[PDB]
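Residue numbers (the entry's author numbering), protein chains in the order written: chain A, 14 to 46, 49 to 135; chain B, 16 to 136; chain C, 14 to 46, 49 to 134; chain D, 16 to 135.
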Amino acid sequence: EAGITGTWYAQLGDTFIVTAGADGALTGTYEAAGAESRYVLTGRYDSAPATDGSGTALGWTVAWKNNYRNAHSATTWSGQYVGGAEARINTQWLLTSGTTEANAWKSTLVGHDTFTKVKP
Amino acid sequence: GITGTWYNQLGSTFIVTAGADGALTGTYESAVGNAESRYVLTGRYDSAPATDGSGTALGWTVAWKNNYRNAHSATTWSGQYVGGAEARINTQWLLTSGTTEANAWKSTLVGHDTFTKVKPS
Amino acid sequence: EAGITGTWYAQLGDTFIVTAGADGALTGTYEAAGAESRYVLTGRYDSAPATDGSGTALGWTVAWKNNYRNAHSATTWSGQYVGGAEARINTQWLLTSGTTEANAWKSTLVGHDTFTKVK
Amino acid sequence: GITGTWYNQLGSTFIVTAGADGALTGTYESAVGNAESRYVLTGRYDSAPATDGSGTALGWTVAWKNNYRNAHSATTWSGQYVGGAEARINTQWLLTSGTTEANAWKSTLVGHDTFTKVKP
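Below you can see the structure in the form of structure tokens.
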């Protein structure tokens, strides 16, 4: 409380580090599976979650530009943090690429990822 | 182009600032849902978009807690800014509520919002 | 009287023709924007909708294979029918392409489309 | 390999037949939600998939009305069949409820279900 701050691991090797601020801020760095693969992460979480067995709602964005590379796209992850011995962040995500109007219908991928505090 | 006050199709107000760096900051006031007054938002955008007529990718998050209410929820919007005569931000969103594990299957709503610098209707 | 049977037009050129069966069946053809561009459509709808002003829930699928082409992908539309002078079907959709596991993370596009009875 | 009885991670039962012409037919019984007993499903699949190691694209719909209950809603699953050691159907789904116009923004739930021929 909160157990969100720290390092989180996805199934296929992505890793992020985040600080959950007392004001509801999420800030950190996302590393897609060196610094060439590291991107700024910024989001928000419920800083006063229920203590009734529910998850803690959250979301964040990564725009896939850094000093080295730029995919002209951005992912947002929406989900909840589930605490305990096997804590997890369960998310669904949208990845939108910049497109022309003609190609806008195929601008956005949807998917899901779970993150854990230990490597899977 | 992104910095300014935007309105979605339902009348919600999105006041955003785009930093030189890729940062989005601002406030969101929803016209619908378990929400009242302004909420903080943060996000990111592509600060060096392509020069081929493509839009500018972006996204942001609102956690639906402020000094007055808490819905134990958060929405993320993912989309692109399209400049021109009439600038638009076209998005799809995910709204996740805290749930127990048994109810996690019904935790997340999906939708689509289009933002313009004029109020709707 | 479901009001669904007939021809529907998407905002960007696509057309479909559907029959709403008394039992909840949707059956028809989707033409993408031309038999080369026509595909089988099948789905289901709520044949006894609420009478409180709510729309009529429905969904359908098109696999993008016909006798001429195969994109190795399928779209599902999930939405609701709203009747009246300006009847419409408001949908959100998921398009999944067959991929290897390594590429599964980019298998599925999401979007939305509204269909009307006039172009 | 699609024809058969499948279960998702919640214990829902998906009984499906794949027709030579690309048709999917069968029944769905949900372990969760406003649902009782079997519901009719129909859908489509790619009857001539790639041979390059890709999965087989498919989708289906259930309207949540049967002779017992009506939830005024429909779910569509969009995904792919992955033949493997243990065969799997990986999906994402959209559940839309009939709503008034004022509530249309909250009409649609999204999630992801994985189906195997084994029940959890």
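Don't be surprised by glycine CBs; every beta carbon is placed ideally from N, CA and C.
Any chain D beta carbon closer than 8 angstroms to B/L124: It does: the Cβ of B/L124 has a partner Cβ on chain D nearer than 8 angstroms.
Looking at C-beta atoms only, is the number of pairs between the segment 103 to 117 of chain A and the segment 71 to 84 of chain B that lie closer than 8 angstroms three or more? In this structure the segment 103 to 117 of chain A lies against the segment 71 to 84 of chain B, because at least three pairs of beta carbons, one per stretch, are closer than 8 angstroms.
Cβ of B/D128 within 7 angstroms of any heavy atom in the ligand ADP? Within the structure as shown, the ligand ADP is missing, as the structure has no ligands at all.
Between which two residues does the beta strand (DSSP E) carrying D/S88 extend? Here the beta strand (DSSP E) through D/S88 covers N85 to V97.
Can you check whether the C-beta of A/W120 is within less than 8 angstroms of a C-beta belonging to chain C? Output row for A/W120: interface = yes.
Can you list, in chain order, the residues of its chain with a C-beta nearer than 6 angstroms to that of C/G26? Leave out the 5 residues immediately preceding and following it. The answer, listed in chain order, is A46.
Helix, strand or coil at A/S93 [DSSP, three-state]: A/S93 carries a strand assignment under DSSP once its states are collapsed to helix, strand and coil.
Cβ contact check for the segment 108 to 122 of chain D and the segment 31 to 40 of chain D: 3 or more pairs under 8 angstroms: Contact between the segment 108 to 122 of chain D and the segment 31 to 40 of chain D is absent: fewer than three C-beta pairs spanning the two stretches fall below 8 angstroms.
Starting from B/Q107, find everything on chain A with Cβ-Cβ shorter than 7 angstroms and list it in chain order. The contacting residues are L109 and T123.
Relative to the C-alpha of B/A100, which candidate in B/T91, B/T131 and B/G19 has its C-alpha closest? Closest by alpha carbon: B/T131.
Among the residues of its own chain, which have a CB less than 7 angstroms from the CB of D/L124, if the five just before and after it don't count? Closer than 7 angstroms at the Cβ level, and outside the excluded window around D/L124, lie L110.
Give, in chain order, every residue of the segment 20 to 36 of chain B whose Cβ lies closer than 8 angstroms to some Cβ of chain D. Using a CB distance below 8 angstroms, the part of the segment 20 to 36 of chain B facing chain D consists of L25, ordered along the chain.
Where does C/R59 land, buried or exposed, given buried means 16+ other C-beta within 10 angstroms? Burial is judged here by how many other beta carbons sit within 10 angstroms of a residue's own beta carbon; C/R59 has at least 16 and is buried.
Is it buried or exposed, B/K134, if we count other Cβ atoms within 10 angstroms and call 16 or more buried? Exposed, because fewer than 16 other Cβ atoms sit within 10 Å of the Cβ of B/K134.
Where A/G126 meets chain C, residues with beta-carbon distance less than 7 angstroms: Within 7 angstroms Cβ-Cβ: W120 and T123.
Residues in the same chain with beta-carbon distance under 6 angstroms from A/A23, minus the five sequence neighbours each way, listed in chain order, please. The answer, listed in chain order, is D128 and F130.
Sequence-distant residues of the same chain with beta carbon closer than 6 angstroms to D/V31, five excluded per side: Taken in chain order, the residues that qualify are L39 and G41.
Just the chain D side, please: which residues come within less than 7 angstroms of B/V77 by C-beta, in chain order? Scanning chain D for C-beta atoms nearer than 7 angstroms to the C-beta of B/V77 yields nothing, as the closest lies near 14 angstroms away.
Could you give the distance in angstroms between the alpha-carbon of A/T66 and the alpha-carbon of B/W92? The C-alpha of A/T66 lies about 27 angstroms from the C-alpha of B/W92.
State the start and end residues of the unbroken beta strand (DSSP E) segment that holds C/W108. That run of the beta strand (DSSP E) goes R103 to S112.
Starting from the Cα of B/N81, find the closest Cα among B/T114, B/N49, B/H127 and B/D61 and give me that residue. For the residues B/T114, B/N49, B/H127 and B/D61, the minimum Cα distance to B/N81 belongs to B/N49.
Using CA atoms only, rank isn't needed, just tell me which of B/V47, B/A46, B/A78 and B/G58 is closest to B/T18. That would be B/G58, whose Cα lies nearest to the Cα of B/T18.
Return no unless some Cβ of chain A is closer than 8 angstroms to the Cβ of B/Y43. No, B/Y43 lies away from the interface with chain A (no Cβ there is under 8 angstroms from its Cβ).
For B/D128, return the contacting residues in chain A, with the cut-off set at a CB-CB distance below 9 angstroms. Here the premise fails: no neighbours, minimum Cβ distance about 12 angstroms.
Distance check for B/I104 and B/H127, CA to CA, integer angstroms please. Distance between the alpha carbons of B/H127 and B/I104: 11 angstroms.
C-alpha gap between A/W92 and A/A72, whole angstroms: Answer to the nearest angstrom: the Cα atoms are 11 angstroms apart.
Cβ of A/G113 within 8 angstroms of Cβ of B/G70? In this structure, the beta-carbon distance from A/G113 to B/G70 falls below 8 angstroms.
Judging by CA-CA distance, which residue of B/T106, B/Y54 and B/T90 is the nearest neighbour of A/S122? Relative to A/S122, the option among B/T106, B/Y54 and B/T90 whose CA is nearest is B/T106.
Where does B/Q95 land, buried or exposed, given buried means 16+ other C-beta within 10 angstroms? In this structure B/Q95 is buried. Its beta-carbon is surrounded by 16 or more other beta-carbon atoms within 10 angstroms.
Please work out which residues of its chain come closer than 8 angstroms, Cβ to Cβ, to C/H87, disregarding the five sequence neighbours upstream and downstream, and give them in chain order. Excluding sequence neighbours, C/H87 sits near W79, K80, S112 and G113.
C-alpha distance - C/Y96 paired with C/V77, whole-angstrom precision: For C/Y96 and C/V77, the distance between alpha carbons rounds to 18 angstroms.
Under 8 angstroms by Cβ, that's how I've got residue 4 of chain D and D/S45 pegged, so tell me the actual separation to the nearest angstrom. Residue coverage of chain D in this structure runs from 16 to 135, which leaves residue 4 of chain D outside it and unanswerable.
Under 6 angstroms Cβ to Cβ from C/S62, same chain only, skipping five residues before and after it: list those, please. In its chain, beyond the 5 residues on either side, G37 have a beta carbon closer than 6 angstroms to the beta carbon of C/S62.
Taking only beta-carbon atoms, is C/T28 less than 8 angstroms away from chain D? Not closer than 8 angstroms to any Cβ of chain D, the Cβ of C/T28 fails to qualify, so no.
For chain D, find out if any of its Cβ atoms is closer than 8 angstroms to the Cβ of C/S52; answer yes or no. Any Cβ of chain D closer than 8 angstroms to the Cβ of C/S52 would place that residue at the interface, and such an atom is absent.
Quick check: C/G34 and C/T42, are their CB atoms within less than 8 angstroms of each other? Taking C-beta atoms as the reference points, C/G34 and C/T42 fail to come closer than 8 angstroms.
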